[PDB]
Amino acid sequence: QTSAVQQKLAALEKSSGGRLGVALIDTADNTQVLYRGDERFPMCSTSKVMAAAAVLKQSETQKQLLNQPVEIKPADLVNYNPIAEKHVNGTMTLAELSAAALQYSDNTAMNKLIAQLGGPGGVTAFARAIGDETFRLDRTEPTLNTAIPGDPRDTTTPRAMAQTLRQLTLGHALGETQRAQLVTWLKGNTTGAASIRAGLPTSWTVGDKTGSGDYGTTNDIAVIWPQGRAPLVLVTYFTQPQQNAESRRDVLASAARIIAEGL
Ligand SMILES: *C(=O)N1C[C@H](NOS(=O)(=O)O)CC[C@H]1C(N)=O
Ligand SMILES: [K+]
Ligand SMILES: [K+]
Ligand SMILES: [K+]
Ligand SMILES: [K+]
Ligand SMILES: [K+]
Ligand SMILES: [K+]
Ligand SMILES: [K+]
Ligand code: NA
Ligand code: NA
Ligand code: NA
């Protein structure tokens with residue numbers, strides 16, 4: 025069937041010219057709302074949640090892991106690294122790298138998380154360990170953001186990413202202190218106010234991770251604590268036909284607004 029919410033998302037998509045993917049989980053009743062929920066989309070910087078969570082999982086058996094220093098060298102800088110560039114010829118701890126990757130979307134920091142996991146496949150392996158058979162990370166930063174239509178590399182589906190985000194932030198994929206740390210990091214994101222958050226009532230609390238890439243790819247994954256009800260998990264992924272298309276965070280906000288109006 026096609027629900028009223030799905031019809032509205034289709035109308036939004038038609039006006040956008042691009043391809044929109046949405047997955048909601050309402051933890052009040054475990055129900056789901059999906060739009061292109063099983064189609065693949067390039068994750069771009071939203072993949073940083075999986076990498077940070079995988080390091081948090083490692084830290085469950087190493088009390089000092091998050092304080093371990095990692096050297097930052099001039100050659101490690103990539104296309105966007107506002108935190109790491111302040112530490113060139115020095116070090117950042119794994120906690121500092123996780124916070125920078127999640128809250129400032131520092132791509133050098135993400136590369137250090139990937140390296141701590143043994144490469145992109147270490148991120149995929151963690152996804153599999155927590156029940157996500159769909160996620161794949163194949164490349165490092167910045168090439169994981171090429172976002173080429175039809176390319177399976179560095180993609181997931183909205184359904185899989187919503188389920189994973191639920192298990193990481195509200196479920197038991199991580200230990201309790203690690204889950205709380207991930208939630209704290211997401212709630213302190215600096216980059217999200219134009220995306221899912223912009224479509225929701227002010228009173229609702231959001232923790233999220235955005236992403237963007240070529241093909242006008244514009245993404246956000248969020249945990250939401252609405254006024255007066257149990258938390259929601261919402262993924263909104265968007266990608267466009269031409270390589271140099273402009274970002275469309277407003278489309279993500281519009282998708283979130285439709286979802287909220289449909290509860
Ligand atoms: C993540 O998708 N990237 C790193 C950085 N993310 O900032 S955003 O989440 O606010 O878009 C810039 C865009 C992107 C990249 N292409 O490196
Ligand atoms: K800087
Ligand atoms: K920022
Ligand atoms: K792993
Ligand atoms: K699963
Ligand atoms: K902060
Ligand atoms: K908010
Ligand atoms: K094209
Ligand atoms: Na900054
Ligand atoms: Na900036
Ligand atoms: Na872009």
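Residues 25 to 57, 59 to 238, 240 to 252, 254 to 290 (PDB author numbering) make up the sequence shown, in order.
All C-beta atoms, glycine included, are put in the ideal place defined by N, C-alpha and C.
First and last residue of the uninterrupted alpha helix (DSSP H) at residue i
| i | result |
| --- | --- |
| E273 | Taken as a continuous stretch (DSSP letters only), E273 belongs to no alpha helix (DSSP H), as it is neither H nor E. |
| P145 | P145 to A154 |
| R184 | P183 to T194 |
| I139 | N132 to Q141 |
| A126 | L119 to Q128 |
Distance, residue j Cα to residue i Cα
| i | j | result |
| --- | --- | --- |
| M117 | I108 | 9 angstroms |
| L102 | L207 | 25 angstroms |
| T133 | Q141 | 13 angstroms |
| residue 291 | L259 | Given that the chain is displayed from residue 25 to residue 290, the structure contains no residue 291 and the question cannot be resolved. |
| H197 | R204 | 8 angstroms |
| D277 | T244 | 9 angstroms |
| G115 | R164 | 25 angstroms |
| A272 | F66 | 16 angstroms |
| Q89 | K98 | 23 angstroms |
| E166 | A34 | 32 angstroms |
| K38 | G156 | 33 angstroms |
| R191 | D131 | 24 angstroms |
Beta-carbon proximity list for residue i, same chain, < 8 angstroms, skipping 5 on both sides
| i | result |
| --- | --- |
| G41 | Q267 and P268 |
| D233 | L211, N214, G217, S220, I221, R222, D246, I247, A248 and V249 |
| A28 | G289 |
| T194 | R204, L207, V208, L211, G232, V249 and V260 |
| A77 | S123, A126, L127, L138, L207 and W210 |
Delimiting residues of the beta strand (DSSP E) encompassing residue i
| i | result |
| --- | --- |
| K88 | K88 -> no beta strand (DSSP E), and no H or E assigned at all. |
| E110 | Looking at the DSSP string, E110 is not in any beta strand (DSSP E), and its letter there is neither H nor E. |
Buried or exposed by the 16-neighbour rule on C-beta atoms within 10 Å, applied to residue i
| i | result |
| --- | --- |
| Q128 | buried |
| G62 | buried |
| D50 | buried |
| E96 | exposed |
| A187 | buried |
| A185 | buried |
| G224 | buried |
| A100 | exposed |
| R256 | exposed |
Residues near residue i by beta carbon distance below 7 angstroms, same chain, minus five either side
| i | result |
| --- | --- |
| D240 | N170, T171, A172 and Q270 |
| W229 | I250, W251, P252 and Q254 |
| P145 | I139, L162, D163, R164 and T165 |
Proximal residues to residue i (C-beta, below 6 angstroms), its chain only, five neighbours per side dropped
| i | result |
| --- | --- |
| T149 | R161 and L162 |
What residues sit near ligand 7, counting only those whose C-beta is closer than 5 angstroms to one of its heavy atoms, in chain order?
-> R222 and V231
Who sits around ligand 1, taking every residue whose Cβ is closer than 6 angstroms to one of its heavy atoms?
-> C69, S70, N104, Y105, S130, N132, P167, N170, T216, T235, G236, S237 and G238
Whose beta carbon lies closer than 5 angstroms to any heavy atom of ligand 4, going through the chain in order?
-> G147, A150 and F151
Which residues, in chain order, sit with a beta-carbon under 7 angstroms away from any heavy atom of ligand 8?
-> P174, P268, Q269 and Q270
Hey, which residues come within less than 6 angstroms of ligand 2, measuring from Cβ to any heavy atom, in chain order?
-> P107, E110 and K111
Can you pull every residue whose C-beta falls closer than 6 angstroms to some heavy atom of ligand 6, listed in chain order?
-> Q128 and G213
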